[PDB]
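Below you'll find only one chain, the form solved without guanosine-5'-diphosphate (GDP), shown as structure tokens.
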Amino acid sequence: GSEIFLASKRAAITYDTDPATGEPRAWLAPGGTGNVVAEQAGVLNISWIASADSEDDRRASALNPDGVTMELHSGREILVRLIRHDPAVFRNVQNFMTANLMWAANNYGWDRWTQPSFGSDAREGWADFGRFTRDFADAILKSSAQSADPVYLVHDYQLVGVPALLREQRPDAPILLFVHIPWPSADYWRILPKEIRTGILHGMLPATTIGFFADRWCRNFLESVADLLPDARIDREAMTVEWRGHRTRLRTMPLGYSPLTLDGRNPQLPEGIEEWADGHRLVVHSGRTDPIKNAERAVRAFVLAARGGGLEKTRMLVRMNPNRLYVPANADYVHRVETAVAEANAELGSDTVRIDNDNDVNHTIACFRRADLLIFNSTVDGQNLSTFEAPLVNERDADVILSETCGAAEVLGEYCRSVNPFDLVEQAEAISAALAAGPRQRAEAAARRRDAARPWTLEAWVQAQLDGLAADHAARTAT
């Protein structure tokens, strides 16, 4: 029975009061990473360490400084420990991780010719990231102090520094790090200031295992190590690094969907959509308000298809989920999509293209169900879960257009229409071909697409992390 210590940027807890008693209740959201790890066979117990990020989290951390045991179905439980960071330090780290800085680095946002220009803001942000990393590492070790053989699972890019700090005090422990975003080519990674570009690698490499959603991101990480650490040796075949007596294994562990979040339900469309869409084939683009989601280019590609004819009774819905609209890149992305939709309507006719904004999961699934064509054309994406979710719930045999730069394309690309997300002509040709295809062709393609998507569950991805780490840990011990 492994004693598991999970760390992530957030443990999503719902705070409320009981409908009968009025008593405050605090309960873990179902489908959390910690929830799933707790159900696996070889797990004796589990703790979840994460940041306090709301006035309710701060209060729960201050009242239970060593963490709260929370119940789960089937009599299981998880000890949840939340960290109160220094508010200015935390706020500064949150800024550092947005498109203002590190989000642009891993997600390919800089032109090099005009951006970026690192100033003193970059140095202070890196200093705040070191303080934040120590906070986590202190908390994690403190939580596992009584444990003879703790197993460390570290999640999210914000925690890339933690493994070195863990390994410092726990030399023989299994430590997995999972990174949910892309890793950029070596020439791109090195845009970053020298202390950051080497400093993040030094934080990551002491892990037993480092996981990414795709092989490309593993390859790019390895190239960055070779380029920046003259001391290190990589092996592109075995997906390993040897550096300063640390051996590290790189693994690809794809993730598709949570069977819970779709489950069994039939939900309604957002207000006005069903009526607006009636009598028309519907192309749907869906994603958060982040420039990588690429809706601007999807609408321009739609207009180019339409100029070729055949789209007279076809409409397009751009579903956008508002997120971090305070980041100038994000507000600029909404502004640019708005401009394209306006220009599209003025050319092809009023109400051909509509934006619909919310963060309601139910509305998103209903839009995946209504769709006659689905477009997931991100400029880059660590994986993109929507590309597994939508075809799994759509019963219209909708084809899918998938960008070759999403981590999902490594698994689904052969079953979708794969495109270069920067090429409007190729994307327009793909939309027209998909709308011209027969009902039988689409039906047979959708069945194959679903069979390819179905195995990649949340529970399977967790099992892969534990299995992979156990094997890597045995290898690291024997070498």
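The term rigid core refers to the most C-alpha atoms you can superpose between the two forms while keeping them within 1.5 Å. Residue numbers run from 1 along the displayed sequence.
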| item | value |
| --- | --- |
| Outlying stretch relative to shown form, 167-175 versus 78-86 in 6 other deposited structures of this protein, C-alpha RMS (core) | 78-86 |
| Stretch with larger C-alpha RMS deviation in 6 other deposited structures of this protein, core superposed, 432-440 versus 61-69 | 61-69 |
| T21: gap in at least one third of other compared structures | yes |
| No coordinates for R297 in a third or more of the other PDB entries | no |
| Residue range whose averaged C-alpha B-factor is higher in the record, 49-57 or 449-457 | 49-57 |
| Selected stretch [higher average CA B-factor]: 185-193 or 91-99 | 91-99 |
| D227, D399, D156, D86, ranked by C-alpha B-factor: the highest one | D86 |
| Largest Cα B-factor, entry values, listed residues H285, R251, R297, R265 | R265 |
| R440 - which third its CA temperature factor falls in, relative to the rest of the chain | highest |
| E414 by Cα B-factor - lowest, middle or highest third of the modelled chain | middle |
| Third of the chain's Cα B-factor distribution that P328 belongs to, per the entry | highest |
| Third of the chain, ranked by Cα B-factor, where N420 sits | lowest |
| Chain third (lowest, middle, highest) by recorded CA B-factor, residue given as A173 | middle |
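What follows is about the form solved in complex with guanosine-5'-diphosphate (GDP), which we do not show.
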{"query": "Ligand-site call, guanosine-5'-diphosphate (GDP) overlaid in the entry with it bound, backbone or C-beta contacts under 2.4 Å, 3+ atoms", "finding": "open"}
{"query": "The single option of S224, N106, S386, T352 touching guanosine-5'-diphosphate (GDP) in the entry with it bound, heavy atom within 4.5 Å", "finding": "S386"}
{"query": "Residue (of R315, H85, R249, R319) lying close to guanosine-5'-diphosphate (GDP) in the entry with it bound, criterion heavy atoms within 4.5 Å", "finding": "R319"}
{"query": "Interface stretch in the entry with it bound with guanosine-5'-diphosphate (GDP) - options 319-327, 224-232, 75-83, 301-309, non-hydrogen atom within 4.5 Å", "finding": "319-327"}
{"query": "Proximity of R288 to guanosine-5'-diphosphate (GDP) in the entry with it bound, heavy atoms at 4.5 Å", "finding": "yes"}
{"query": "Non-hydrogen atom contact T209 with guanosine-5'-diphosphate (GDP) in the entry with it bound at 4.5 angstroms", "finding": "no"}
{"query": "Exercise: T364 in contact with guanosine-5'-diphosphate (GDP) in the entry with it bound, heavy atom 4.5 Å", "finding": "yes"}
{"query": "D381, heavy atom within 4.5 angstroms of guanosine-5'-diphosphate (GDP) in the entry with it bound", "finding": "yes"}
{"query": "Residues from 332-358 in contact with guanosine-5'-diphosphate (GDP) (non-hydrogen atom within 4.5 Å) in the entry with it bound", "finding": "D358"}
